[PDB]
Amino acid sequence: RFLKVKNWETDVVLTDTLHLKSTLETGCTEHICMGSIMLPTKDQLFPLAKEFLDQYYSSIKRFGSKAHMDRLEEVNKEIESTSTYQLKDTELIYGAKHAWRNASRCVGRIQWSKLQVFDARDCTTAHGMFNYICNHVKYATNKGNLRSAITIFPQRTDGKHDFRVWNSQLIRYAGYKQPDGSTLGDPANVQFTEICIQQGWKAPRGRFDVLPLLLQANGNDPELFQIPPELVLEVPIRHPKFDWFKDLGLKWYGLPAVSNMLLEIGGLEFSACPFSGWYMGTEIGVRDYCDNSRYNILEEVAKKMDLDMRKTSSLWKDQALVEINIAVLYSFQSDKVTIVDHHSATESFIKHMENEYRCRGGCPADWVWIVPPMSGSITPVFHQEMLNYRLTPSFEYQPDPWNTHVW
Amino acid sequence: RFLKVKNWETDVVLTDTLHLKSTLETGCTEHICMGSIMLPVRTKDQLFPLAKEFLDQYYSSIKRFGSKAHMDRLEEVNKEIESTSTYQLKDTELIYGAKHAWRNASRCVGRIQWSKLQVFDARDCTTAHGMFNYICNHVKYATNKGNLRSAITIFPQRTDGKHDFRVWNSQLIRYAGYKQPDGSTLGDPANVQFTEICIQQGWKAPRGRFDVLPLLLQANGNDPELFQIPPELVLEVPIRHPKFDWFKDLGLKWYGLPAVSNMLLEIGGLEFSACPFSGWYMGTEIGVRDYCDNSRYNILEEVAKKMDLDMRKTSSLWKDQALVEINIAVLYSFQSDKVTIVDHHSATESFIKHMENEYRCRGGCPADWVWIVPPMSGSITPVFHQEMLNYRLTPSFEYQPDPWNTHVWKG
Ligand code: HEM
Ligand code: HEM
Ligand SMILES: Cc1cc(N)nc(C[C@@H]2CNC[C@@H]2OCCNCC(F)(F)c2cc(F)cc(Cl)c2)c1
Ligand SMILES: Cc1cc(N)nc(C[C@@H]2CNC[C@@H]2OCCNCC(F)(F)c2cc(F)cc(Cl)c2)c1
Ligand SMILES: C[C@H](O)[C@H](O)[C@H]1CNc2nc(N)[nH]c(=O)c2N1
Ligand SMILES: C[C@H](O)[C@H](O)[C@H]1CNc2nc(N)[nH]c(=O)c2N1
Ligand SMILES: [Zn+2]
């Protein structure tokens, strides 16, 4: 019931109580651990609402007070009558900040309380969604000085009227499958890029074509908009020592902004809720550039470094991987665009864990996602035991709209 | 029930039915995952089921399930248990058990080799001295002048838990650690407390940076005894770098033979508390963990300091740079000396091929992702992108408490 986590490099031991207030299910049983799997009515709604409003009034040192009871009463009357309810602004802000606080896969949660929340619940059309999103992008980007933000569109109703951003991130490069069999641009986005062109996007057919936004309002068929080019901050990738690096022609965008997730607050579901912070360097330099199914650039870089590529044991992949990452960080830093390296980010997360064990009694963390994809064991998180569990308010992953939607 | 795993790089999907034969618990629940937690006397009553399950597994493997030999063996074990409260494995059963414990070891990336394992039956051993001799033979056989061969030595099983055989060392070969009055450590920090016990037991410590520890061996629940492994049996590799000639001047070496001695082998309910086993190294264990953990030899700074990296900001990735070079050195060194080593690219690709083969032929392969993914270069190895299911099959190896915490000293 009270569980220990031990750090194997420091011997520091933390006691978790927070897990007892664990809402959802992990995917694991007593018989089988699924820790590495990517995807492991009016009745239900009121306990859900009450549970949230209880943590809310608790957080503002007002538990069991008249204002608390009053609100619980009000929301109950609204549900019985309308079959749903509306969050107060303060509740909405608190809930978004907490969905981030509870994101067990996020290493950057030291920043959780600095989240600017944009209430787009009055939005009604795709063009409105677009105006809201351009504003989110410009705000968050801040000429390179990135600020965290989320924009929250209208909540689910009968489920026939959802708002969705069809893009998985607000900003991403196009992918096209080519005559000669290989892939131009980002292979991750081949499918999406095609749905855009079939919806009428005129693709430049390049390698770093910023995709158009595909926006669904009120369960309507989605529409295409180009983000204003001057809003998309991009970074040319060079190396502080390899003059030839620039010649690969690599760029990446400054703003990471996940736009396919579902925000659940007090039982209510915000299906379109694009959010953003800033990059950890390894995301671009390890995953985006080096994943085999991504830009897959290790071979080309290794070659330019003239390494021994004939045997795996010369560790040429490993050498090239590091230089690529040095270059990502160098470039962002030189262009004064916010970026964190895996060392400083994981250091921050350990500090954040300790604060959360101290102040909150725990911190849900998913070790498989928290430990960076290169240099694991030289980051502190590697040696930190973590417990993973599902708390609410939360972000949840949801089916691609094109699977669900009918035209 | 069927369970599917996906590989996110290749989109291959696999179906696990084997988890249905899972016995022990994981530590996880529907409410909590403990997947990153390191550690998440019997009676007759609980023992015959365990014996039965095992012998059923053994008799299936040889295509004799249900045969008279199978039934006679069931009755004979049954009878042995009712009459003595335990039973004795046949050689063939011991071999098969010890092989399947390795096969079922979900934290082992090396398991493609599980079927080629040399089993040494040491169930006739009675004394510590006898234990030493068995262990020297194991080491010489496994080492094989650098052409390493996997092997296990199996000492007598637990009886009443008062007469346990134990190897007090966590591995047969490891370097001493000595904690200094100034708060620094000479040698391996991991081995400090164990070095202390050894010295209290009368070991004459050389007090150098790479002193091979003496075996401390417990037979039949007796107080443990010190033995020096014959140094001509301890193969060691001096560490040098192919391009950097100052690398050798750091003074580093390592032993070639990784040999885990502190684990508990369970077969058909029987508990073998001393079953030292050995394979060969994956380079990252030495290069990443042994040399670069802050709590171990911690050499990252000296290497980067000598490489003249920019060490004033983490974002220069100086630690990452030095880490690669150290790892290049260890593989280069082992290879130049003709000591068996595998790099993590090669070992994880072999593991993926083993894992798929097992799904086809066995119906699954329990694997622990947190352990199988190498401690550097995670995502450029195929295991990173591989969904895995972790569960516990027997026979199995288990962690067991260090013996100096439990031992009743007889004086
Ligand atoms: C401010 C700097 C931030 C950093 C450095 C950061 C870091 C990261 C990283 C490295 C990941 C792993 C993602 C992946 O590998 O795809 C991640 C996942 C995630 N983070 Fe953050 N984060 C930041 C801000 C945010 C914000 C503002 C939110 C939401 C309000 C958020 C919520 C999440 C969620 C929900 C995931 C899991 C996404 C998924 O399952 O695909 N993070 N974070
Ligand atoms: C053939 C060469 C082998 C290689 C390259 C290999 C690879 C590895 C590696 C890299 C680990 C992680 C060790 C750590 O991080 O502490 C490991 C764990 C393990 N291996 Fe192997 N292995 C080999 C042979 C064997 C053999 C012969 C056995 C037993 C018969 C075995 C059973 C285990 C067990 C039980 C673990 C978990 C150890 C623990 O929980 O502390 N392996 N393997
Ligand atoms: C099937 C599936 C499930 C799931 N939960 N996530 C994914 C998305 C997969 C999971 N890792 C790769 C891909 O997403 C990349 C986007 N996520 C993080 C980010 F890059 F956008 C990001 C980074 C950062 F530093 C800050 C923020 Cl706010 C966002 C796929
Ligand atoms: C608390 C705890 C639990 C547990 N199950 N294991 C450990 C042992 C911990 C786990 N990593 C650090 C310490 O291992 C020392 C032995 N390392 C494995 C090996 F070197 F012996 C080895 C490597 C190889 F490739 C092949 C073999 Cl056969 C053996 C500690
Ligand atoms: C907390 C965590 O489980 C612990 O640091 C683990 C992580 N993964 C590991 N993986 C391997 N192969 N060996 C280890 O010692 C560890 N340590
Ligand atoms: C199968 C496995 O879960 C998958 O490869 C995961 C591993 N860890 C990850 N970690 C992060 N941060 N992001 C990811 O996309 C993944 N992918
Ligand atoms: Zn689990």
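Residues numbered from 1 in each chain as written, not as in the entry; some residues may be left out. Chains lettered and ligands numbered in written order. Heavy atoms only, no water.

### Describing the coordination of the zinc ion (ligand 7)
Surrounding the zinc ion (ligand 7) are the protein donor atoms A:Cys28 (SG), A:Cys33 (SG), B:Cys28 (SG) and B:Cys33 (SG), at 2.3 to 2.4 Å. In this structure, the zinc ion (ligand 7) is surrounded by four donor atoms whose angles at the metal cover 102 to 123°, and the resulting shape is tetrahedral. Taken together, the residues A:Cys33 in the loop between β2 (13-16) and α1 (42-59) and B:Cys33 in the loop between β2 (13-16) and α1 (44-61) connect one chain to another. In this pair, the class of A:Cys33 matches that of B:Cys33, namely buried. (Donors = N, O, S within 2.8 Å, 3.2 Å for Na, K, Ca; no water. Tetrahedral: all angles 85-135°; square planar, octahedral: opposite > 155°, others 65-115°. Helix = DSSP H or I, 4+ residues; strand = E, 2+ residues; numbered from the N terminus. Buried < 20%, exposed > 50% of the residue type's maximum accessible area, 1.4 Å probe, protein only.)

### What about a nonpolar patch on the surface?
Judged by side-chain polarity, A:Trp8, B:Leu39 and B:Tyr399 come together as a nonpolar surface patch covering roughly 310 Å² of accessible area. Along the chain, A:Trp8 falls in the loop between β1 (3-6) and β2. (Patch = residues over 30% accessible without salt bridge, like charges linked within 9 Å, V, L, I, M, F, W, Y side chains within 5 Å. Areas by Shrake-Rupley, 256 points an atom, 1.4 Å probe, with all protein chains shown as cover. Salt bridge = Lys/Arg side-chain N within 4 Å of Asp/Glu carboxyl O.)

### Overview of the pattern of salt bridges
A side chain of one charge can pair with a side chain of the opposite charge if their charged atoms are brought near each other. Residues and elements named next belong to chain B. Per the counting criterion, the structure on display carries 43 salt bridges over all chains. As a salt-bridge pair, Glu76 and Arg73 come within 2.6 Å of each other at their nearest N and O atoms. Here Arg73 and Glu76 lie together in helix α2 (residues 68-84), a separation of three residues that amounts to about one turn. A residue is classified by how much of its surface remains accessible, and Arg73, at 5% relative accessible area, is buried. Where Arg73 meets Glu93, a salt bridge forms, and the shortest distance between an N and an O atom there is 2.7 Å. Linking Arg73 in helix α2 with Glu93 in helix α3 (residues 91-103), this pair joins segments that are 20 residues apart in sequence.

### Here's the deal with the domain arrangement of chain A
All names here are of chain A. We note that the domain assignment places domain 1 (16-121 + 148-158 + 262-276 + 346-370), domain 2 (122-147 + 162-233 + 397-401) and domain 3 (234-256 + 279-344) within chain A. Computed over C-alpha atoms only, the centres of domain 2 and domain 3 are separated by 24 Å. At the junction of the two partners, domain 2 supplies 20 residues and domain 3 supplies 18 residues. The largest share of the area that domain 2 buries against domain 3 comes from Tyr173, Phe208 and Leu233, three residues that together contribute 36% of it. (Domains from an automatic or database assignment. Contact = heavy atoms within 4.5 Å. Buried area = accessible area lost by both parts, 1.4 Å probe.)

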